[PDB]
Amino acid sequence: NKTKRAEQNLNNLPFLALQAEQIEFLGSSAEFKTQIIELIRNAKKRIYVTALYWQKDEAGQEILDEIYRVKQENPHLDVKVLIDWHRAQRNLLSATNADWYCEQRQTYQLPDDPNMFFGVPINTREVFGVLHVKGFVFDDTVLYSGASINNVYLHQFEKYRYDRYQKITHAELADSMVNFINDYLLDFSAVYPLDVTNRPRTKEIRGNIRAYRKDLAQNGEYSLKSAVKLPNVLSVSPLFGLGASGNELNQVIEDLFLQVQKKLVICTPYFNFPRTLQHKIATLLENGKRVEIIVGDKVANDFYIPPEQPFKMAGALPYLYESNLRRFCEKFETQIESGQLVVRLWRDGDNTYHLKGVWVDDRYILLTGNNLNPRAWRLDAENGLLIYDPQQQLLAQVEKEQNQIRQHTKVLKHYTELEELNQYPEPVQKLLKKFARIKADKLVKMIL
Amino acid sequence: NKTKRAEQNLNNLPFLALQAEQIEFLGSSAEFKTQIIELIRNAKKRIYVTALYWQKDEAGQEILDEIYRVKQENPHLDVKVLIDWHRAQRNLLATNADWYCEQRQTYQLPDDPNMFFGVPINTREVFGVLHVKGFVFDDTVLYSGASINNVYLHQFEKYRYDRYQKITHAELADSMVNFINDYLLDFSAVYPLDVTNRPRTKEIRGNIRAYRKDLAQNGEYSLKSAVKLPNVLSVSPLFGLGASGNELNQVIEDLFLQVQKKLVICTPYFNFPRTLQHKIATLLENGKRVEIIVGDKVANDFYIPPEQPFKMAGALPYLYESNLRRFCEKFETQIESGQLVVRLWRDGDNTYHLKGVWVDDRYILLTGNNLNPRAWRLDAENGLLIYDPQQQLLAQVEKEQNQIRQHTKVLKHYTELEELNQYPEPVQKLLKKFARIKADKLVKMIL
């Protein structure tokens, strides 16, 4: 029984005890920016950051300035920033992020002058996998979020890109995350500093990348010192996954979906679930459980191009996702109608939506950078903090964050409330038709 | 050092002695069809087939009819046809699996055997397919890159050009059947295609992953009477699946590195993995001769004449041409001196599907390996490496190569291939967009 196998797997997870006071769910990207800054200024021992990227724009610069300032005050501060290797060395769609890290290092010229920026390659080509592991550790504090460092994620000006942010003050969790980074992520046969002029070329290190991915996929795991099974207290379990086989994070998500007793809530940026998760939703709906899915409106996707502007191919992506959502809402029309399935669309002017999350009944809360898409199931390196809350110690804080999240949403009442293809811009129509005919749209879903 | 290790590695391969009279190079696709029929009709013990696919069409039906006849007449005949699991269950561009099931019911054999089995090399076809080749009829191996459909078998006017070698040697035959039994046919992951009630791949996902990992890591051919460094015409069966520890791909890499005088390559699409690009660059920079033989755009089956309505898949042949164009401009001086020879194959609307590596007059690799990024990381491939240290097969090799060269022209200069702005407008638009967002790079890696 897959369902009974799932209960067993969840019960077997190790968990570290967490006081409710040790966790805060931040409200907004502006708060997130403020917390980053406050945490950097107060750091005395270490600062570890794993993010998809850290951009050379004004927010990137303000944050990096804070780092150099504390580092110049504290020469023994252990600072390590891991970002995706490929993403750091290209432009979007003149200077790359890597060029900028070097520029900054040369320009500040700290007396110490250590390497601080490291590029992690999760595969030999960006398309076949990137670093999606999340977490910032400042001394004994974890700041966990799907957000990277650029203007929109930190609300530098008027626009923002919405994510979730959790601050956990817990020495043993912090030590576990830094240990993973040092022990598993930072393998110097494949990982190179990006803040030096002499960086190897990819072609130059293909074999090393391969061996590194294979090793990390099979062995990377977090370790806990004082973990128990089935604690009777609010608790946290750190999870890692890379690749399709023996992926603990994905096994946990699949099992979370199978073990819903009453209600499942899901946040995802794009409506693009792996088939395995789509099937598990269908079972839940067939068996009377409630399901709430929160995604961005078309216009809250960052590939969206206002139809007055000149159209580019990538601008069809939000429409591809919407029409897949429309098909889903049609399939589950009875459930939409009875309120068994709640589909919410987020929209706030031109701001974009990048929230990920899974909530199971009142019992589990998964904080993850996982986009819940086929890329995440096969290609990318992911992590998660699984919070177990058996006595509902966190229920009030979870609901407060969820109500903030729902503020800029509307409940879709009928699949016909979503635009049909004929209402789409003419070049999008052409494109979607072209792709659908030769099932290239299936390829897009699996790899983007 | 890589060159050094390459020689060592090749010398370490186990070889089985062959006699020159035990190998036939077939001259054409009609002849392949004729030989398939004859070999089926004469089989008394076993018929084993591994192929990408076996199409429901006149040619597919005719070969299938032959199988059913010999089986009806010889009830103990061991018959196993293994094709790709995903490919059998979709259409070009209801399915082949439904037609195998229908044929089984219709022919109504008394012991009602399963004959057609589906091999899942990955949970999604995009991520790995069965490119393992070889037909075994009793003690005769028929090795070709061809699948079973109308064009591969020249059923009507159109053909799809491949290579075909017939080897009669019971030990080779045994080695290949044993591999099929021992590694390919794991019934935890492999399912008969010709039943009414096939599992959805959703239900067997975990099995496929375990099967893929096991095969990648353990699959290999065994021989009984093999020696290293024989003084006779001999053969070595090779398998590979995956990026790491791939023996077939290591042998291909090593062959390139160990060229002394000349290298000849056939590939059905000009799309080398980076490792082979670098090695070809190295041979050229070191005075070795290289001859590469590819299809014209027109000999690509996604080609749509500029007169007919364009469909986006029609841009693929142009992507392969510009790839070749860029290569011929890079090695412009080598083309000029004659050290690099690029041939383009074209025969009306017949299509081109040749694969091959020939090193000097010493090594002849027979393989369904397309020599692309897919074959380097995704697909399950095999090959037969012939070693001919005394040039016992050279006459037959040269005859086959002469035939292969018949519908080719030698490229005089890279500008002989159209530039982007001379492509048809719809083609141009597409390629321009794809290049901007690097979609062309993606296509090279997965197609």
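Residues numbered from 1 in each chain as written, not as in the entry; some residues may be left out. Chains lettered and ligands numbered in written order. Heavy atoms only, no water. Residues with missing side-chain atoms left out of burial classes, pairs and counts.

(A) Main features of the sheet that holds strand β7 (residues 136-138) of chain A. Residue and element names in this part refer to chain A. Judged by pairing direction, the sheet is mixed, and its eight strands sit side by side in the order β2-β10-β8-β7-β3-β4-β5-β11 without closing on themselves. In this open sheet, the two edge strands, each paired with only one partner strand, are β2 (23-25) and β11 (192-193). The pairing of strand β8 (residues 141-145) with strand β10 (residues 165-169) spans five bridges and is classified as antiparallel. Paired with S145 across the two strands is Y165, which belongs to β10. Relative to the sheet, helix α2 (residues 29-42) contacts β3 (46-50), β7, β8 and β10, its axis offset from that of β8 by approximately 150°. The sheet contacts of helix α12 (residues 395-406) involve β2 and β10, and relative to β2 the element is tilted by about 20°. (Pairing = 2+ DSSP bridges. Helix = DSSP H or I, 4+ residues; strand = E, 2+ residues; numbered from the N terminus. Contact = heavy atoms within 4.5 Å. Axes fitted to C-alpha atoms, helices over the stretch in contact; angles between N-to-C directions.)

(B) Spatial organisation of the sheet that holds strand β4 (residues 78-84) of chain B. Residues and elements named next belong to chain B. Read across the open sheet, the eight strands follow the order β2-β10-β8-β7-β3-β4-β5-β11; overall the sheet is mixed. On the outer flanks of this sheet lie β2 (23-25) and β11 (191-192), each paired with one strand and no other. Relative to strand β7 (residues 134-137), strand β3 (residues 46-51) is paired through four bridges, and the arrangement is antiparallel. Bridge pairing links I47 to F137 in β7.

(C) Main features of the domain arrangement of chain A. All names here are of chain A. Split into domains, chain A comes out as domain 1 (1-19 + 228-448) and domain 2 (20-227). Using only C-alpha atoms to locate each centre, domain 1 and domain 2 end up separated by 25 Å. Listed per partner, the contact involves 50 residues of domain 1 and 43 residues of domain 2. Residue assignment for the side of domain 1 that touches domain 2 shows that the elements contributing at least two residues are β1 (16-17), β12 (235-242), β16 (352-353), β17 (357-360), β18 (364-368), α11 (374-378), β19 (381-388) and α12. Taken together, the residues that form the side of domain 1 that touches domain 2 break down as 27 nonpolar, 15 polar and eight charged. (Domains from an automatic or database assignment. Nonpolar A, V, L, I, M, F, W, Y, C, P; charged D, E, K, R; others polar.)

(D) Summary view of the packing of helix α9 (residues 317-331) of chain A against helix α14 (residues 440-447) of chain A. Residue and element names in this part refer to chain A. Two numbers describe how α9 lies on α14: the axes approach to 12 Å, and their chain directions differ by 100°. In terms of orientation, α9 lies roughly perpendicular with respect to α14. Together, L317, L320, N324 and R327 of α9 and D441, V444 and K445 of α14 make up the contact between the two elements. Taken together, the residues of the contact of α9 with α14 sort by class into three nonpolar, one polar and three charged. (Parallel < 35°, antiparallel > 145°, perpendicular 65-115°, else oblique.)

(E) The pattern of salt bridges, seen in detail. Residues and elements named next belong to chain A. Tallied over the entire structure, the rule returns 41 salt bridges over all chains. The partner of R105 in a salt bridge is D195, and the shortest N-O contact between them spans 3.1 Å. Of this pair, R105 sits in helix α4 (residues 97-108) while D195 sits in the loop between β11 and α6 (206-219), placing them 90 residues apart in sequence. Among the salt bridges present, the one from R344 reaches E292, with a minimum N-O distance of 3.0 Å. (Salt bridge = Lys/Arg side-chain N within 4 Å of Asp/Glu carboxyl O.)

(F) Spatial organisation of a positive patch on the surface. On the surface, a cluster of positive charge is contributed by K434 of chain A together with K429, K432, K433 and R436 of chain B. Counting residues per element, the positive patch draws most heavily on helix α13 (residues 425-436) of chain B, which supplies four residues. Overall, the relative accessible area of 31% leaves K434 of chain A in the partly exposed class. (Patch = residues over 30% accessible without salt bridge, like charges linked within 9 Å, V, L, I, M, F, W, Y side chains within 5 Å. Areas by Shrake-Rupley, 256 points an atom, 1.4 Å probe, with all protein chains shown as cover. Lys, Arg positive; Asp, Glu negative; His and termini not counted. Charge placed at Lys NZ, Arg CZ, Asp CG, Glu CD. Buried < 20%, exposed > 50% of the residue type's maximum accessible area, 1.4 Å probe, protein only.)

(G) Summary view of the interface of chain B and chain A. The interface of chain B with chain A comprises 22 residues on the first partner and 24 residues on the second. Of all elements in the fold, only α6 (205-218), α8 (274-284), α13 and α14 (439-446) of chain B reach the threshold of two or more residues within the side of chain B that touches chain A. With four residues, the top contributor of residues to the side of chain B that touches chain A is α13 of chain B. Split by residue class, the side of chain B that touches chain A holds 11 nonpolar, three polar and eight charged.

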